[PDB]
Amino acid sequence: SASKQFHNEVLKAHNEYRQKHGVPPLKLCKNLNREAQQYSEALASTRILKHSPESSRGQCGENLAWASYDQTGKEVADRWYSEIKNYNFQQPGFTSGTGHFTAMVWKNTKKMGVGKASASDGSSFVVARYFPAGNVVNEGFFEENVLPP
């Protein structure tokens, strides 16, 4: 189906990128998929982008993606990963502008959930959930979890 294909494409892209950084691949988790899907539907209903309660409370990592059209799994992953251009491996650490990239390749992250929903106007809302949550800011965490390509 459309949902399964999208999930598989997002996972495939994430894992190909993680291989470029020498970190273990992620595994999809059905419950995480359901939670991400539920949130994507909530975002599609309001059409207002914002982070979920789970994300705000640091329970799960979360990446969001919006487009005026129906997004493919590959394009979403590529957009998030592209932030690597602005990540300085010589001075490791968190930055909002590279947050999607660092969450994607976070070494210690093991599982992911993916969801996508379209609004009344056809725009799509994509939600990726990560566990354990990455982007841990304390000293040493980024150097250990965000490795150079």
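Refer to the preceding data block for the structure.
About the criteria used
- Residues numbered from 1 in each chain as written, not as in the entry; some residues may be left out.
- Heavy atoms only, no water.
- Pairing = 2+ DSSP bridges.
- Helix = DSSP H or I, 4+ residues; strand = E, 2+ residues; numbered from the N terminus.
- Contact = heavy atoms within 4.5 Å.
- Axes fitted to C-alpha atoms, helices over the stretch in contact; angles between N-to-C directions.
- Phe/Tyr/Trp six-rings, centres within 6.5 Å; stacked < 30°, edge-to-face > 60°.
- Buried < 20%, exposed > 50% of the residue type's maximum accessible area, 1.4 Å probe, protein only.
- Left-handed = near helix turned anticlockwise from the far one by under 90°.
- Nonpolar A, V, L, I, M, F, W, Y, C, P; charged D, E, K, R; others polar.
- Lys, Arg positive; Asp, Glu negative; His and termini not counted.
- Salt bridge = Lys/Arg side-chain N within 4 Å of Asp/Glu carboxyl O.
- Polar contact = N/O pair within 3.5 Å; in protein donor to acceptor, adjacent residues only side chain to side chain.
- Expected span 1.5 Å × (residues − 1).

A. Broad picture of the sheet that holds strand β2 (residues 61-67). An order of β1-β3-β4-β2 is seen for the four strands of this open sheet, with the pairing classed as mixed. Across the chains shown, the open sheet's two edge strands, defined by having one partner strand only, are β1 (27-28) and β2. Both β2 and strand β4 (residues 124-131) contribute to a ladder of seven bridges, which runs antiparallel. Opposite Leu 64, over in β4, you have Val 127 as the bridge partner. Packing of helix α1 (residues 2-20) onto the sheet brings it into contact with β1, β3 (111-118) and β4, and relative to β3 it is tilted by some 135°.

B. Structural context of the packing of aromatic side chains. Enumeration over the complete set of coordinates arrives at seven aromatic pairs. Look at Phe 94 and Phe 142: their rings are 6.2 Å apart centre to centre, the planes differ by 70°, and that puts the pair in the edge-to-face class. Taken as a pair, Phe 94 in the loop between α4 (73-81) and α5 (99-104) and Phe 142 in helix α6 (residues 141-145) lie far apart in primary sequence, 48 residues in all. Taking the relative accessible area as the measure of exposure, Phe 142 reaches 3% and is therefore buried. Consider the rings of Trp 106 and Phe 142, whose centres lie 5.0 Å apart with planes at 80°: the pair is edge-to-face. One end of the pair, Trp 106, is in the loop between α5 and β3; the other, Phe 142, is in helix α6, and 36 residues separate them in sequence. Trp 106 sits in the buried class, given a relative accessible area of 2%. Ring-pair connections join several aromatic residues into one group, and the members of that group are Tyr 17, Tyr 81, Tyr 87, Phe 89 and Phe 101.

C. View of the packing of α1 against α4. Following both chains from N to C, one finds α1 and α4 inclined at 35°, their axes separated by 7 Å at the closest point. Relative to α4, the crossing made by α1 is right-handed. The residues of α4 that touch α1, namely those facing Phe 6, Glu 9, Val 10, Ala 13, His 14 and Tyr 17, are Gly 73, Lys 74, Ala 77, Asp 78, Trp 80 and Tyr 81. Tallied by class, residues from the contact of α1 with α4 come to seven nonpolar, two polar and three charged.

D. Spotlight on the pairing of β3. Two strands pair when backbone bridges link them, and β1 and β3 are joined in this way by two bridges, in the parallel orientation. Bridged to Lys 27 within β3 is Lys 111. Between β3 and β4, which follow one another and run antiparallel, lie five residues, and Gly 122 among them has a positive phi close to 85°.

E. Region of the structure containing the side chain of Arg 18. Among the structural elements, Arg 18 can be located in helix α1. Notably, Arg 18 is buried but unbridged: the nearest opposite-charge side chain belongs to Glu 144, and the N-O separation is 12 Å. A polar side-chain atom of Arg 18 sits 3.4 Å from the main-chain carbonyl oxygen of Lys 107. The contact partners of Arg 18, leaving out residues within four places of it in the chain, are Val 23, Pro 24, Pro 25, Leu 26, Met 104, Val 105, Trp 106, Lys 107 and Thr 109.

F. Molecular detail of α1. Here α1 is 19 residues long and its end C-alpha atoms lie 27 Å apart, about the 27 Å a rise of 1.5 Å per residue gives. Within the span of α1, buried status applies to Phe 6, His 7, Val 10, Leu 11, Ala 13, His 14, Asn 15, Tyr 17 and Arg 18. Residues of α1 that are buried in the fold lie against β1, α2 (30-46), α4, α5, β3 and β4. Backbone geometry just after α1 places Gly 22 at a positive phi near 70°.

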